[PDB]
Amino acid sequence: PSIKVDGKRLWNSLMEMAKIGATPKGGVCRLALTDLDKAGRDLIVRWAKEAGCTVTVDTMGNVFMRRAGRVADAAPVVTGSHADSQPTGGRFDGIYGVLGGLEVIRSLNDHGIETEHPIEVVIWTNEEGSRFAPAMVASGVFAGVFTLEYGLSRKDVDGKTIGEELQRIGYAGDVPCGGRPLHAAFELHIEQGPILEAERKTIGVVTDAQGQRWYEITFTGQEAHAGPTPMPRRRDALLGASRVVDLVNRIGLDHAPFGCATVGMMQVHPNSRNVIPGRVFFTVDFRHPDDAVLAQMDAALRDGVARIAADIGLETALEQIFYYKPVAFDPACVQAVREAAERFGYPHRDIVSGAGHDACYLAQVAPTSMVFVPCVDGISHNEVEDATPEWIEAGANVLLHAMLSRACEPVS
């Protein structure tokens, strides 16, 4: 508790990095493996080397900035996130975890603290998945989720592959991607949701990450005149789609407290006010921390959709387009985060990460958990994404002590 971070220095680094790719709306547009992403990586690498770090890059472009330990070859305690952003990205998504880890190294240097295990800060390539799909591809390769050839062959809209662009910006590293043991892993991140702010809690002790299932549904009925078409004989595709929306809501509430169910996207055809809609495309978003429950939500959706379609007379195309496994983070790492919050007197609570992060894939090959701070209005993936300096400072203090606790564990 005598060891604390320099909040102003960390805050200034975030304000500085937000200028690289700054958008007119006040956000950051630093797409993965662009010249702007190269600029942000190079600046972070420069700051890390100035703090005495040795830097390596792996074959997926992941950056490892290492602070030596007493046992130089012991498994590292690592932190990290992503430095790339969405086209409408905020100033704290991803970059906070990277710069928060940089501040951890600097604070340890300032207090002359030597750790048993070495400490690393990591930048993961293309977490956002916007310029290249899928998201989190590089931490996926590291964790064995994807093959290396798959990761390097992902193309953007212009046909450029990740491997080509890594070579172009000088981040085609020589270190093999994955297979290197890690003692512990932590990812510091803004919540991207409203829980911590609404409850006036400073730290979210992330215990789990949600599993996901994404769907695309099209109902096909018959477009017809809104007036003289008799009501019983109508095949209204929006009437069906509206009832699935309500069903999706019911399915989410039936699996509280952590179940999530949303219909976010809908397209009505022909979308003329005096035409019965003949076709409606829409999406379904399911999330739950338990995989077995999540599959029950899938079964209930498929069963309810077929029922709604049969009662009206609609044709149905239903496809699951995405699946993401639920993650239970490592208890020892979770306890280190909880104790760090406690030592500082930061009001905290256990929280499930509603979105996916590189920590979710990393958790499959290394003991991992996450640290959450609140964000203003729960806003993320928007240029107006915001957090207070006190929130920013508090999460870095928890990350500092969570890492120091596990990095000072004697080498068994």
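So that there is no doubt, residue numbering starts at 1 and follows the sequence shown.
Relative to one another, 228 to 236 and 288 to 296 have unequal mean CA B-factors, and 228 to 236 is the one with the higher figure. Comparing 274 to 282 with 85 to 93, the stretch with the higher mean C-alpha B-factor in the PDB entry is 85 to 93. Among 208, 246, 339, 187, the highest C-alpha B-factor in the deposited entry belongs to 339. Note on 127, 158, 73, 223: the highest value goes to 158, judged by CA B factor as recorded. Per-chain ranking of the deposited C-alpha B factor places residue 180 in the middle third. When all modelled residues of the chain are sorted by CA temperature factor, residue 41 is found within the lowest third. In the PDB entry, residue 170 places in the lowest third of its chain by CA B-factor. Annotation for residue 219: CA B-factor lies in the middle third of the chain's modelled residues. For residue 47, the recorded CA temperature factor ranks within the middle third of the chain's modelled residues.
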